[PDB]
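J.: Chains as they are written, first to last, in PDB author numbering: chain A, 4 to 636; chain A', 4 to 636. A prime marks a further copy of an entry chain.
Note that beta-carbon positions come from the ideal geometry of N, C-alpha and C, so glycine has one too.
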Ligand code: SF4
Ligand code: SF4
Ligand code: FES
Ligand code: FES
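#1: Counting only C-beta atoms, is residue 336 of chain A' closer than 9 angstroms to chain A at any point?
#2: Going by C-alpha distance, which of A:315, A:434, A:265 is nearest residue 370 of chain A?
#3: Are any of the Cβ atoms in chain A' nearer than 9 angstroms to that of residue 151 of chain A?
#4: Let me check understanding here. Comparing Cα to Cα, which of A':218, A':47, A':620, A':393 lies closest to residue 463 of chain A'?
#5: Answer yes or no: does any C-beta atom of chain A' fall closer than 9 angstroms to that of residue 202 of chain A?
#6: From which residue to which residue does the beta strand (DSSP E) around residue 441 of chain A' run?
#7: Do three or more CB pairs link the region 581–591 of chain A to the region 112–119 of chain A at distances below 8 angstroms?
#8: Are the C-beta atoms of residue 4 of chain A' and some chain A residue less than 9 angstroms apart?
#9: For residue 591 of chain A', name the three-state secondary structure that DSSP assigns.
#10: Cβ of residue 183 of chain A' less than 9 angstroms from any chain A Cβ?
#11: Reducing DSSP to helix, strand and coil, say where residue 524 of chain A ends up.
#12: Helix, strand or coil: which one does DSSP assign to residue 295 of chain A?
#13: Could you list the residues in the region 193–217 of chain A with a C-beta less than 9 angstroms from some C-beta on chain A', going in chain order?
#14: Compare the C-beta of residue 156 of chain A' against all C-beta atoms of chain A and say whether one is closer than 9 angstroms.
#15: Considering only C-alpha positions, which residue in the set A:31, A:26, A:17, A:56 is nearest to residue 36 of chain A'?
#16: Does the Cβ of residue 393 of chain A' lie closer than 8 angstroms to at least one heavy atom of ligand 4?
#17: Kindly provide the ranges of any alpha helix (DSSP H) runs that are 4 or more residues long and lie completely inside the region 313–346 of chain A', ordered along the chain.
#18: Looking at residue 20 of chain A': is its Cβ nearer than 9 angstroms to the Cβ of residue 320 of chain A'?
#19: Closer than 7 angstroms by beta-carbon distance: list the chain A' residues that pair up with residue 28 of chain A, in chain order.
#20: Determine, using beta carbons only, whether residue 89 of chain A and residue 565 of chain A come nearer to each other than 9 angstroms.
#21: Spell out whether any CB of chain A' is found under 9 angstroms from the CB atom of residue 563 of chain A.
#22: Give me, in chain order, the residues of the same chain whose beta-carbon lies closer than 7 angstroms to that of residue 634 of chain A; leave out the 5 immediate sequence neighbours on both sides.
#23: Using a cut-off of 7 angstroms between C-beta atoms, extract the partners of residue 356 of chain A located in chain A'.
#24: For a test of the three-state rule: what should DSSP assign to residue 84 of chain A', helix, strand or coil?
#25: Between residue 206 of chain A' and residue 331 of chain A, what straight-line distance do the alpha-carbon atoms span, to the nearest angstrom?
#26: Which residues does DSSP list as the beta-bridge partners of residue 402 of chain A?
#27: Just checking residue 69 of chain A' against ligand 2 - is the residue's beta carbon closer than 8 angstroms to any of the ligand's heavy atoms?
#28: For the beta strand (DSSP E) containing residue 608 of chain A, name the first residue and the last one.
#29: Round the Cβ separation of residue 500 of chain A' and residue 465 of chain A' to the nearest angstrom and send it over; I've been treating them as touching at under 8 angstroms.
#30: Using a Cβ-Cβ cut-off of less than 8 angstroms, list which residues of the region 50–65 of chain A' approach chain A; keep chain order.
#31: When you measure from the CB of residue 53 of chain A to every non-hydrogen atom of ligand 6, does any distance come out below 8 angstroms?
#32: Do you know whose CA, among A:86, A:44, A:26, A:47, lies nearest residue 66 of chain A''s CA?
#33: Please confirm whether residue 298 of chain A and residue 250 of chain A have their CB atoms less than 9 angstroms apart.
#34: Are the region 344–359 of chain A and the region 216–223 of chain A' touching by the rule of at least three beta carbon pairs closer than 8 angstroms?
#35: Could you give the first and the last residue of the continuous beta strand (DSSP E) run that contains residue 309 of chain A'?
#36: Pick helix, strand or coil for residue 15 of chain A, following the three-state DSSP scheme.
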């Protein structure tokens with residue numbers, strides 16, 4: 004089972020599923036082999052009904068699409084629709100939060116409120132919305148208004164791009180026409196330009212894709228900003244991760260999907276319902292997180308993380324998961340089928356994301372506390388029905404220190420330098436105690452043994468003194484393998500990095516270091532990494548493409564991860580991807596994305612499936628930047 | 004060559020291309036056979052990097068997507084992205100026109116103006132924009148404002164849906180949550196819901212697709228409205244079609260693509276440049292149309308139509324096409340490669356639609372007359388370079404009467420009844436002289452011998468007294484085979500229909516009938532058909548799904564045609580498609596789109612690849628509606 008997952012709790016559940024004849028994501032992958040080579044290389048097009056068209060990677064005909072579309076056009080068009088789809092998901096998320104903030108300050112949804120007043124005012128100030136003399140509810144109205152207005156064309160470009168990147172970066176992107184006009188505007192224009200008989204120049208196509216990736220960044224940043232206003236900016240917290248956080252004698256409820264609008268409320272109400280749960284024979288309600296909405300409540304409330312991404316079905320296989328509460332994105336629809344076997348109540352809550360066979364409970368922000376009790380009451384009923392059944396919760400978990408928003412990282416550093424909090428970080432970059440910064444982001448992928456690329460690359464970078472930060476299921480992978488436990492700093496970290504992590508943790512009075520990897524939050528919270536890196540660029544007076552900062556989507560899966568990787572490249576970072584994206588069928592497109600895009604944005608993709616080799620390449624990219632700043636490396 | 008195209012001019016050029024070794028769309032189709040069966044049935048998914056996933060239509064594994072996505076989810080998600088892509092193209096078109104109207108009345112683009120004042124005021128009135136006491140430029144500002152606002156969420160739904168359908172239809176659609184909130188909003192929500200681990204219920208998915216098809220209708224209607232304001236509402240015109248409208252001794256310039264913003268200007272300036280052309284040795288500038296922008300200038304200016312859709316390359320093979328001026332959509336990118344062989348100058352003009360190897364000339368509405376002269380001067384240079392070369396223009400053309408906007412049809416009918424212009428049409432429906440109405444729309448497709456389904460079905464309906472109207476390349480197909488020449492009414496039309504066409508043409512004082520098929524314009528001008536049908540519903544006091552009106556996308560190709568077919572079904576029409584859409588891999592999805600959707604919208608798809616059989620089915624659908632209104636049939 005070690006070939007399927009490096010997670011020991013997951014291996015245990017794989018044996019249980021095998022015993023019980025429950026089919027998993029790894030079984031459905033095996034049954035799909037060998038996979039279509041035209042699709043894996045990107046050489047397939049179904050954009051019109053004359054299709055499908057395919058192109059042999061090598062050999063004889065077919066060599067060209069029926070309408071004349073070349074390999075490089077087919078490959079670029081497919082990549083562009085992937086980016087637009089990713090943009091649409093982060094965008095839908097952010098829009099949901101904007102409507103929620105508006106409803107809240109309109110007296111239309113009392114379960115919600117302005118919790119982070121300081122964040123509200125600073126966002127307002129960055130957007131140019133006057134706060135002086137204004138009611139909080141009115142400033143929030145204006146901020147929600149601004150969020151909604153960035154989805155479409157208007158007199159300004161998308162402000163959740165132009166106001167969050169340093170002016171030098173914005174000017175570089177404007178010079179190539181890459182600043183988005185509107186988030187949903189860019190998505191539609193991509194779908195237009197990639198439809199039949201439209202855009203048919205690889206460079207032109209890919210420039211459109213860079214601009215749409217910045218629409219995805221906007222949606223990520225907007226999501227983070229709005230969730231922080233509504234639910235609070237994260238600060239350091241300690242909790243646990245992996246299947247052992249389930250408790251046989253509790254009502255176990257997974258929150259799964261993406262939007263905290265839902266899960267934050269589940270968390271607060273579940274506390275209101277402890278006695279009801281106790282009456283039904285449970286110790287209480289055990290809320291646990293899966294995928295990004297689980298990261299959101301881990302970051303803000305210390306809710307333990309159960310599992311992530313590719314292994315999400317295994318939480319159900321324990322037999323102890325009473326409910327799985329979903330909103331949207333990255334939920335394997337297999338869970339609805341598996342539920343019949345495992346007794347789990349799968350509940351969908353959003354009108355645009357249903358799963359045949361799951362129970363659907365409309366979630367209205369207006370009725371949030373009421374709807375959440377209805378949902379938790381299904382959970383308690385389910386708990387009562389497994390009275391007497393044996394469960395198999397692997398007794399396996401790790402300790403997780405998390406909650407490192409950019410504000411929290413700045414505050415932590417401020418203990419070493421109150422008026423110039425970034426300076427201590429930059430001092431150690433310069434003296435070599437910190438070689439550079441690597442962001443791990445994105446998914447697990449069934450083609451890669453689960454977490455093997457994230458932990459292999461992270462180990463080699465940490466030994467090399469790289470400051471490692473993580474989000475989404477990259478954070479999931481590293482938390483489940485101990486990388487967020489400060490007790491593993493001695494084992495994992497090079498001396499220089501250890502020194503810095505220890506110097507900062509001591510100064511935050513905890514007699515021990517920060518953890519080996521800093522968990523910066525959900526995948527929209529990749530925007531936090533951007534804020535940090537942009538703050539560093541600004542403090543240094545250089546652009547981002549001169550900083551010794553890289554990203555790694557080491558086991559990428561979702562269209563969203565493709566969108567994130569592309570905007571990492573667009574804002575100037577060397578960006579590793581550890582799964583093959585469908586571009587290998589076109590050497591010209593590959594060459595653009597791994598090399599000449601350096602001349603446009605200064606970032607570039609690093610395609611490398613071998614994790615030790617990837618680590619080497621990421622170190623070389625870091626050290627090259629070090630060299631360009633005139634530092635030793 | 005009769006197996007490739009039923010057009011004799013196209014057959015002649017196919018022989019020339021074969022002789023000269025120039026590869027065509029039919030050669031690239033042959034080279035693609037046999038085509039992938041997973042893609043043709045819809046059983047393939049590439050929405051994440053764990054893919055590609057496929058599902059055997061029959062047999063053993065694989066039976067399910069790696070994430071658990073079932074055949075019916077994969078099929079519905081693919082269909083939904085097709086609809087969104089179609090919506091995005093009609094939407095981009097309409098947006099282009101809205102910005103153009105705004106620029107114009109802002110003094111920012113003098114080449115453009117309000118030409119149809121009456122249309123401006125009636126649109127303003129239907130939108131609720133006050134006109135009383137207001138300057139035309141201010142009303143136009145407000146109308147452009149309203150157009151732009153329908154792309155996004157706001158206090159009202161999309162008004163180019165809710166104000167163009169009768170209230171009873173809007174209430175039916177609202178009851179199922181099908182009214183779009185915003186055009187680009189719906190496109191992005193589709194891309195979101197169809198991304199991995201999101202919407203996974205076929206019924207839910209397809210309801211989203213119906214709503215996004217109404218966003219496509221909005222964009223079509225908005226495009227028609229805005230192009231009519233700027234360039235004039237069409238009125239009856241006489242011209243010609245097919246390759247014989249090219250003239251060896253003229254500068255032959257094709258306008259190709261979709262937006263009249265461009266082609267209308269090419270038309271007017273080309274007249275300014277006749278002497279320049281005469282100086283270079285040409286008789287003058289011969290502007291001819293291809294695909295929908297060619298329909299637009301045919302409808303408004305009587306510009307002859309050269310060719311359409313699948314056979315567009317053949318205009319170049321004549322050796323006489325000096326320039327092909329493009330904006331976006333449905334242009335085979337092969338034209339850039341073919342140009343090197345044929346001497347044609349291919350010119351792109353829109354930043355989001357370039358073709359490697361073509362010359363690009365930025366077109367700015369602000370500089371429209373200047374840019375258009377630069378472009379025509381490339382044309383004249385090209386003409387001069389084929390001095391002495393032999394050309395092969397097939398001496399083959401048809402006469403085309405066209406320009407039947409809904410306003411023109413109402414005016415024509417008004418000659419038989421001034422204050423109740425629709426009544427004479429309805430009288431003849433009732434007495435049986437008109438069996439019902441069929442709209443032919445959409446593309447040619449290389450899998451079908453060109454035009455064979457459109458003319459076979461049209462012949463059998465016309466004999467049965469059906470009033471046939473047509474748009475886009477369905478209009479192209481029928482015009483090129485004589486169906487828009489009033490001299491063929493005796494041959495083609497049943498006696499009842501002949502009677503009516505003759506009664507109306509005589510009353511419009513022309514001593515002869517209207518043509519056998521009424522050309523209602525480009526594919527956005529399918530909205531004109533909607534206005535007519537809605538006016539008929541309103542005059543009858545019934546909804547559209549009680550009218551004896553059907554649609555046929557008999558040789559569909561583009562995502563746009565899929566979008567149009569789906570909104571035809573959504574507003575209540577029996578809607579034929581004559582090519583297989585990728586839904587056959589899922590019987591539940593097929594059953595929804597061909598049968599239970601009747602219970603939701605009253606319309607339904609009719610999938611039939613055999614044209615005689617299709618005609619039978621369309622007649623049965625018409626006669627069933629006749630029966631439901633209590634009429635004989
Ligand atoms: S767009 Fe071109 S390459 Fe794609 S399916 Fe249609 S004919 Fe084939
Ligand atoms: S979304 Fe599901 S069915 Fe589609 S490629 Fe990914 S794993 Fe396969
Ligand atoms: S030919 Fe397999 S993905 Fe299309
Ligand atoms: S397997 Fe051929 S279209 Fe994907």
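T.: The short version:
#1: Counting from 1 along the second chain, the entry for residue 336 of chain A' is found at position 333. Judged by the 9 angstroms Cβ criterion, residue 336 of chain A' is in contact with chain A.
#2: For this step, residue 370 of chain A is matched to residue 367 along the first chain. Closest by alpha carbon: A:265.
#3: Start at 1 with the first residue of the first chain, and residue 151 of chain A comes out as number 148. So yes, residue 151 of chain A belongs to the interface.
#4: Position 460 of the second chain holds residue 463 of chain A'. Selected option, being the one with the closest Cα: A':620.
#5: Counting from 1 along the first chain, the entry for residue 202 of chain A is found at position 199. Chain A', which has a Cβ nearer than 9 angstroms to the Cβ of residue 202 of chain A, makes this yes.
#6: The residue labelled residue 441 of chain A' in the question sits at position 438 within the second chain. That run of the beta strand (DSSP E) goes 440–443.
#7: no
#8: If you number the second chain from 1, residue 4 of chain A' lands on position 1. Residue 4 of chain A' does not count as touching chain A.
#9: Position 588 of the second chain, counted from the start, is the residue given in the question as residue 591 of chain A'. In the structure shown, residue 591 of chain A' sits in a helix (DSSP, three-state: H, G or I).
#10: As a working note, residue 183 of chain A' is residue 180 in the second chain. No, residue 183 of chain A' does not count as interfacial toward chain A.
#11: On the first chain, position 521 is the one that residue 524 of chain A refers to. Three-state DSSP puts residue 524 of chain A in a strand.
#12: Counting from one through the first chain, the residue named residue 295 of chain A turns up at place 292. DSSP places residue 295 of chain A in helix when its eight states are reduced to three.
#13: 193, 194, 195, 196, 197, 198, 199, 200, 201, 202, 203, 204, 205, 206, 207, 208, 211
#14: As a position in the second chain, residue 156 of chain A' is number 153, starting the count at 1. It does; some Cβ of chain A falls within 9 angstroms.
#15: Counted from its first residue, the second chain places residue 36 of chain A' at position 33. Comparing Cα positions, the closest option is A:56.
#16: Position 390 of the second chain holds residue 393 of chain A'. Checking every heavy atom of ligand 4 against the Cβ of residue 393 of chain A', none is found closer than 8 angstroms.
#17: 316–320, 337–345
#18: Residue numbering aside, residue 20 of chain A' sits at position 17 when the second chain is read from its first letter. Residue numbering aside, residue 320 of chain A' sits at position 317 when the second chain is read from its first letter. A contact, by the Cβ cut-off of 9 angstroms.
#19: By 1-based counting over the first chain, the position of residue 28 of chain A is 25. Chain A' residues near residue 28 of chain A: 69, 70.
#20: The residue you call residue 89 of chain A lines up with position 86 of the first chain. The residue you call residue 565 of chain A lines up with position 562 of the first chain. Cβ atoms of residue 89 of chain A and residue 565 of chain A: closer than 9 angstroms.
#21: Here residue 563 of chain A refers to the residue found at position 560 when the first chain is read from its first residue. Closer than 9 angstroms to some Cβ of chain A', the Cβ of residue 563 of chain A qualifies, so yes.
#22: What you label residue 634 of chain A is simply residue 631 of the first chain in a count that begins at 1. Taken in chain order, the residues that qualify are 433.
#23: In the first chain, the residue the question calls residue 356 of chain A occupies position 353. Neighbours of residue 356 of chain A on chain A', chain order: 196, 201, 202.
#24: On the second chain, residue 84 of chain A' is found 81 positions in, with the first residue counted as 1. Three-state DSSP puts residue 84 of chain A' in a helix.
#25: Indexing the second chain from 1 puts residue 206 of chain A' at position 203. Indexing the first chain from 1 puts residue 331 of chain A at position 328. Going from the Cα of residue 206 of chain A' to the Cα of residue 331 of chain A covers about 17 angstroms.
#26: Counted from its first residue, the first chain places residue 402 of chain A at position 399. Answer is A:243.
#27: Taking the first residue of the second chain as position 1, residue 69 of chain A' is located at position 66. Yes, ligand 2 has a heavy atom inside 8 angstroms of this Cβ.
#28: Within the first chain, the letter at position 605 stands for residue 608 of chain A. 607–610 is the span of the beta strand (DSSP E), which, as asked, contains residue 608 of chain A.
#29: Along the second chain, one-based indexing puts residue 500 of chain A' at 497. Along the second chain, one-based indexing puts residue 465 of chain A' at 462. Indeed, because the Cβ distance is near 7 angstroms, the residues count as touching under 8 angstroms.
#30: 50, 51, 52, 53, 54, 55, 56, 57, 64, 65
#31: Summarising the ligand content, the structure contains ligand 1, ligand 2, ligand 3 and ligand 4 and does not contain ligand 6.
#32: In the second chain, residue 66 of chain A' corresponds to position 63, counting from 1. Residue 66 of chain A' has its Cα closest to that of A:26, out of A:86, A:44, A:26, A:47.
#33: Stepping through the first chain from its first residue, residue 298 of chain A is reached at position 295. Stepping through the first chain from its first residue, residue 250 of chain A is reached at position 247. No.
#34: no
#35: Walking along the second chain from the start, residue 309 of chain A' turns up at place 306. That run of the beta strand (DSSP E) goes 308–310.
#36: Translated into the one-based positions of the first chain, residue 15 of chain A becomes position 12. Residue state, collapsed to three classes: helix.
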